[PDB]
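# Survey of secondary and tertiary structure
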Amino acid sequence: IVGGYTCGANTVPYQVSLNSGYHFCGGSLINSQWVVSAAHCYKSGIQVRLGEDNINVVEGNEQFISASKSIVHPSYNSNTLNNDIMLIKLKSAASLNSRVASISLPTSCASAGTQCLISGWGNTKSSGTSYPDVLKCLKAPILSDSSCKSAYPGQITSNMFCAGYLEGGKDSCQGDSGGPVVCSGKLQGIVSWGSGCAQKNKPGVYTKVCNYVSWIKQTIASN
Ligand SMILES: [Ca+2]
């Protein structure tokens with residue numbers, strides 16, 4: 001996250017870290033056994049880390065649970081990042097408490113202008129490299145589809161939305177991939193892509209979760 005703030009320990013209790021020997025992506029806990037992330041974050045051998053604030057220090061609230069299965073969206077296109085969504089099932093159920101809690105799926109798509117909370121452990125610079133150890137947060141509005149399509153001509157599908165600041169300076173970034181965009185207390189987006197981070201006229205692009213609710217519900221009911 002570039003230009004954000006320190007969330008504070010366990011104020012984003014649905015945020016997870018995906019670990020393959022190192023943190024590589026975020027995700028969101030949607031119930032005690034399932035996490036949503038980006039398909040572009042797929043790898044074999046994922047450990048899900050819940051209740052994290054400082055990813056480099058054990059502070060005592062964490063739960064580390066291996067993934068049993070990963071399910072990439074059946075229409076994911078790695079070239080265009082269309083349908084950039086994946087489900088991860090945990091080998092055992094998380095213990096839900098005040099520090100580890102699930103986030104609701106949307107029944108409805110969020111509106112342009114809605115302020116959303118984006119979080120993660122990604123890069124904090126638009127130029128250069130500085131990774132934080134503690135969870136960062138950013139509030140950012142959803143942009144109109146026309147401003148989104150203007151920013152990324154020919155690249156925005158109906159399964160994507162833009163959120164951020166056209167002036168630049170504030171954005172998600174590498175390492176935040178997979179993480180939540182929460183608006184009005186529901187998971188509305190997944191950190192997906194953008195051109196650089198925090199660049200002028202290049203806002204963040206997010207998977208539009210409301211288009212996937214039927215697939216998520218069907219998949220969890222059968223796996
Ligand atoms: Ca920790």
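Up top is the structure these notes are about.
The structure reproduced in this document is the subject of the present report.

Quick notes on the rules
Residues numbered from 1 in each chain as written, not as in the entry; some residues may be left out. Heavy atoms only, no water. Disulfide = S-S within 2.5 Å. Helix = DSSP H or I, 4+ residues; strand = E, 2+ residues; numbered from the N terminus. Buried < 20%, exposed > 50% of the residue type's maximum accessible area, 1.4 Å probe, protein only. Contact = heavy atoms within 4.5 Å.

### A few points about the state of the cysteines
- For the structure shown, the criterion picks out six disulfides.
- With its sulfur 2.1 Å from that of its partner, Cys-116 forms a disulfide with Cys-183. Looking along the S-S bond of the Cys-116-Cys-183 disulfide, the torsion reads about 100 degrees, which is the right-handed sense. Of this pair, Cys-116 sits in strand β8 (residues 115-120) while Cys-183 sits in strand β11 (residues 180-183), and the two are 67 residues apart along the sequence. Taken individually, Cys-116 and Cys-183 each receive the classification buried, so the pair is uniform in this respect.
- The side chain of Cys-173 participates in a disulfide bridge whose partner is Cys-197; the two sulfur atoms lie 2.1 Å from each other. Measuring handedness by torsion sign, the sulfur bridge of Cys-173 and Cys-197 sits at about 85 degrees and is right-handed. A residue pair is termed long-range when its members are at least 10 positions apart, and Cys-173 in the loop between β10 (160-163) and β11 and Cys-197 in the loop between β12 (186-193) and β13 (204-208) qualify at 24 residues. Pair check on accessibility: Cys-173 and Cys-197 agree, each one buried.

### Let's talk about the environment of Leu-187
- Mapped onto the elements, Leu-187 comes out in strand β12.
- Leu-187 gets classed as buried once you look at its relative accessible area, which sits at 0%.
- For the pair formed by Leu-187 and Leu-29, sequence separation is 158 residues and the distance between their alpha carbons is 9.9 Å.
- What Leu-187 contacts, discounting residues up to four positions off in sequence, is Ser-28, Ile-30, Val-36, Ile-103, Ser-104, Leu-105, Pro-106, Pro-180, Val-181, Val-182 and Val-209.

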